[PDB]
Each structure stands twice: as structure tokens, then as C-alpha cells.
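Undergrad: Let me start by giving you these chains from the complex, positioned as in the assembled structure:
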Amino acid sequence: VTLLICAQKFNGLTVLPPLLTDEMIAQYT
Amino acid sequence: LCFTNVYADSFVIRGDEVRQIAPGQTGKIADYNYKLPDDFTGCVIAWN
Amino acid sequence: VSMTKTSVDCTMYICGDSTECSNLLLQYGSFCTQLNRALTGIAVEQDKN
């Protein structure tokens, strides 16, 4: 699974990070 | 209808400049003499 | 389990550096705040999930 965006930002569209990083998800798992 | 305050602004111009007394206009009467606000409320009355 | 969190500045999307647009957009009331309240509720839920 592989996760434009810059142009979306130039237009007020932003992505926020998840609270648990992929390392914290892997520690729980 | 009632009104909070009322004013009458009185003056003389030429028939050709009467169009400049409307709000949001341009030209030497609207720019150098008498400007109405772009949100004007009131009535413009003119006669020969 | 979750999806991408997004936030959308309703002023910058609708009004591209336009004060006139802003002063016009203010005539719709709470729409922009309601859109950000919705996307924040979706975004908080991605961490709950």
C-alpha cells in the first residue's frame, strides 16, 4: 500500500498526522 | 417605515453628470465632488 | 481502521487571497466554521478508531 498534494496545500487542503506513529502501532501489535 | 436619522444633500450639476450620483460610480463628479457609499441606502431625486 | 485526516481552510479554498471575497463570504454566516467543525470531528475519530 502506497500513501497534487502540494497543489492541494497551495489551496488550503492539508493532511494531519495520526496520533500513533507506525512505530507505536507496531509496538502495540 | 420610520428612519433613525434622515439627511437631505442638495446641489446643482448638469444633466450628463446625473448618472454619477448613483452609488459605486466613477467620473469627475463621483471622484472629485460627491461620492455615495457602495452600500448606499436612501433615494436619489433629481429634476430639471 | 482509519483514513487520512484532512483540514480545509474554507477561506483559502474559496477566497484565493481576496479580501472582497472574504467580506462577501462573511454574508453566509457560520458555514465555514461548521465545515471545519465537521472535518475536525472526522479527524479526532481517526485516532479513536
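TA: Arrived safely, thanks for sending. Numbers count the residues shown, from 1 in each chain, chains lettered A, B, ... in the order given.

Undergrad: use CA for all of it now, contacts and neighbours both
TA: Noted.

Undergrad: how about residue C:10, phi and psi?
TA: The phi/psi pair for residue C:10 (degrees, to the nearest 10) reads phi -60, psi -30.

Undergrad: Once you drop chain neighbours, what's closest to whichever residue of chain B sits closest to chain A?
TA: Residue of chain B nearest chain A, by C-alpha to the nearest C-alpha: residue B:38 (30.1 Å). Excluding the flanking residues, the one nearest residue B:38 by C-alpha to C-alpha, 6 or more residues apart in numbering or on different chains is residue B:24, at 4.9 Å.

Undergrad: count of neighbours near that neighbour?
TA: Burial measure for residue B:24: 13 neighbouring residues, criterion other C-alpha atoms under 10 Å in any protein chain shown.

Undergrad: Just to be sure, the residue of chain B closest to chain A is in a strand?
TA: No: looking at residue B:38 with DSSP: H, G, I helix; E, B strand; the rest coil, it is coil, so not inside a strand.

Undergrad: can you pull the contacts of the residue nearest the centre of chain B?
TA: Nearest to the geometric centre of chain B sits residue B:21, at 3.6 Å (C-alpha atoms, centre = their mean). By C-alpha atoms under 8 Å, 6 or more residues apart in numbering or on different chains, the contact list for residue B:21 reads B:29, B:30, B:34, B:35, B:36, B:44.

Undergrad: now for chain D, put it on the one above:
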Amino acid sequence: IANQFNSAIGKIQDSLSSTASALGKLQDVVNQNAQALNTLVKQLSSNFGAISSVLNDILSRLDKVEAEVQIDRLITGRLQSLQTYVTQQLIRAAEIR
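TA: Let me put chain D in with the others:
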């Protein structure tokens, strides 16, 4: 029972190391989210009946008076563009929940 388990976990890797499409349920989510932001950026290019899709082309040309009738069109069409996106995302968030 242990050799079976070890062989069954072996096949799990083989399958994931081989096929391109096994996580199709997760990529879809990424594809849906991206497609909705790319559609929302495309809405900006629409006139909605204004003389241009660009506010700088309206402000530089029409004076405030003539401009507001054009700016309102762009505000009206964009506002819906955002409402559409947020309604699609609120419905789509309930699928993910």
C-alpha cells in the same frame, strides 16, 4: 501440527511477497481519500458562470461593483464544492468507523 503452522505462515509471506493486489481494501481507502482531494482541487478551475475561474482576473478587471456579481458566483459554487466534499467525507468516515 507445528510443521503445518510453519508451512502455512511460509505461504502467507510467499503470497504477500508475490501478488500486487492483496491489500486492495486498504489501497481503496487511500485511493478514495486522494480522489476526493484531487476532485476538490479540480472544482477551483470551474467558472460557475463568472467571467473567469480566477479572482485576480476579476479584481484586476471589473471594479468592486461589477466584481461582486462575479465573486459571488465563485463563492456560491466553491461553498457547495466544500459542502459536497465534507458530506462525502462524513458518510465515508462512518464506513471506516
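
Undergrad: The neighbour count of residue B:24 again please, chain D included this time.
TA: Applying other C-alpha under 10 Å, we find 17 residues neighbouring residue B:24.

Undergrad: who's in contact with the residue lying farthest from the centre of chain C?
TA: Farthest-out residue of chain C from its mean C-alpha position, per C-alpha atoms, centre = their mean: residue C:1, at 23.5 Å. Residue C:1 makes contact with C:46, C:49, D:96, D:97, according to C-alpha under 8 Å, 6+ apart.

Undergrad: near chain A too, which of the residues you listed?
TA: When contact is defined as C-alpha under 8 Å from any C-alpha of the partner chain, the contacts of residue C:1 meet chain A at residue C:46.

Undergrad: Among the contacts of residue C:1, find me the one that's closest to chain A.
TA: residue C:46 (7.5 Å).

Undergrad: ok, the closest residue to chain D within chain A to residue B:26 distance?
TA: Relative to chain D, the nearest point of chain A is residue A:1 (5.6 Å; C-alpha to the nearest C-alpha). Distance, residue A:1 to residue B:26, by C-alpha to C-alpha, to the nearest Å: 60 Å.

Undergrad: Looking at these two, which one has more neighbours?
TA: A direct count of neighbours by other C-alpha under 10 Å for residue A:1 and residue B:26 places residue B:26 higher, at 15 against 12.

Undergrad: Is the more buried one in a helix, a strand, or coil?
TA: Under the three-state scheme (three-state DSSP), the conformation of residue B:26 reads as coil.

Undergrad: build in chain E:
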Amino acid sequence: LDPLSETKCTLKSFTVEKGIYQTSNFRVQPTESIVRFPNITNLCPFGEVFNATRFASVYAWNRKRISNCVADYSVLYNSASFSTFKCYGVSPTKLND
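TA: Next up, chain E placed on what we already have:
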């Protein structure tokens, strides 16, 4: 006045509960302004249009190219001689920009 005041003002409450509270997006504003027009040492021959001795009949209306020249439209719009001066996708006052 301060971040906290912007959260009180965004929550519409004079007290704020413990937690993170998104506020207005920040943004650096222009340090100065810039204008970049192709430098033209010649102006446009509007006198050879508006003061030409003979106009064309409407059944065979004339068409003149205006090119590689500066156009001061404030002179054209300031003249009280024109009974009609209507601009349809632009405004005459902002033609100079």
C-alpha cells in the same frame, strides 16, 4: 490578544476545557509588491482610430490591430466626449493595470 484568547473566541466561551484546540491558520503576508510589464517605449495609436477623418459603414465595419504599444486608458475614460463607454468582461478604470 493571545493564542488562548483566540481559542476562547473560536469556542465561543470565556472558559476553555483541557485539550488541544485548533484556531485560525497562520500565514506570512507580503513584505512588498512587484510589477512586471514588458518595457514598451512607444504608445498606442488611438488618435488614428478615434480622430480618423473617415469611419467605415456598418455593413463593412473596419478592424485595426493594436500591438506592441502602451495604452493609457485613463485618457480615453477621462474624456467626457464618449456618450457610451461600456466594458463587458473588464472595467475601463482598471484597464491601466
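
Undergrad: Go back to the neighbour count of residue B:24, now with chain E?
TA: By other C-alpha under 10 Å, 17 other residues sit near residue B:24.

Undergrad: Next, the contact list for it, please.
TA: Counted by C-alpha under 8 Å, 6+ apart, residue B:24 has contacts B:36, B:37, B:38, D:64, D:65.

Undergrad: And it, how close does it get to residue C:6?
TA: 41 Å.

Undergrad: thought residue E:93 was touching residue E:76?
TA: No: counting by C-alpha atoms under 8 Å, residue E:93 stays clear of residue E:76, with 9.8 Å between them.

Undergrad: Those two: which has the busier surroundings?
TA: Set residue E:93 next to residue E:76 and count neighbours by other C-alpha under 10 Å: residue E:93 wins out with 19 against 16.

Undergrad: Now the more buried one: closest residue in space that isn't a chain neighbour?
TA: In this structure, residue E:93 finds its nearest non-sequential neighbour in residue E:74, 6.7 Å apart by C-alpha to C-alpha, 6+ apart.

Undergrad: Show me what counts as buried in the helix or strand that contains that neighbour.
TA: Residue E:74 is part of helix E:73-78, with elements assigned from DSSP states H and E. Buried positions in helix E:73-78, judged by neighbour count with 16 or more other C-alpha atoms under 10 Å in any protein chain shown: E:76, E:77.

Undergrad: of all of chain B, which residue lies closest to chain D?
TA: Closest approach between chain B and chain D, counting by C-alpha to the nearest C-alpha: residue B:24, at 6.0 Å.
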